[PDB]
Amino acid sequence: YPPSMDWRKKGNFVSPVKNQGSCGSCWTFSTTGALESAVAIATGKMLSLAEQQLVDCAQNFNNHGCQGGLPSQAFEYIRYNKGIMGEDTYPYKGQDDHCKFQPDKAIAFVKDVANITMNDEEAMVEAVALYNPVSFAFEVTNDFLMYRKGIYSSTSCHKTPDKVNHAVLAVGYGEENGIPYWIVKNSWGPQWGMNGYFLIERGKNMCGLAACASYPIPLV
């Protein structure tokens, strides 16, 4: 497929970088990030969806608020739940709370969820190139916690489904002097990494990034 892609360049399709605070809710920022882009790509509307709703309400889908979750599961939740409210009506508190979802306030909806075949990074490249930014999970080690900039490459991480522990959003890809990489949006604030983003080597299922990826197909 194309040599490089970047949804931020194509238009106003990628929302600003957010911060999960001290709650392990990255899976929710990866979910909203994917859905915000999908809705903007399909309708041109740029919304900011409530991650707190997922933290307080998605337990029926094997999610655990500040203790973890998976984007595919959160996409299914939004789907059956019939909607997710905006950030302005269900504010991010950053802590496990009681669900306050109001059906009349839902602004974004999911029709279906596409789950990338386990470990199929090429398929992930196609999804990013052709359809939407992709949510994925990978194993973060101490090596990565020292990251400042550049193409992250490591020998310490594993590529197995039971090792992935952080959820992020692939917004594009490219290569530099033969080294292919992914442009990834994080939710640790804009002061982390490269203005809130990071590059990671592509083509090696680096840290298991292709083990559990998914993207939503919105109901618009």
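Note that residue numbering follows the sequence shown and begins at 1.
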item	value
Residue stretch of maximal mean CA temperature factor, 33-41 vs 173-181	173-181
Of 21-29 and 6-14, the one with larger mean CA B-factor	6-14
Selection by C-alpha B-factor (highest) of 50, 55, 194, 157	157
Deposited CA B-factor, highest of 81, 95, 115, 135	95
Among modelled residues of the same chain, the CA temperature factor third for residue 141	middle
Residue 60 - Cα temperature factor, lowest/middle/highest third of chain	highest
Ranked C-alpha temperature factor of residue 99 among modelled chain residues, by third	highest
CA B-factor placement of residue 70, once the chain's modelled residues are sorted into thirds	highest
Third assignment of residue 85 from its chain's C-alpha B-factors	lowest
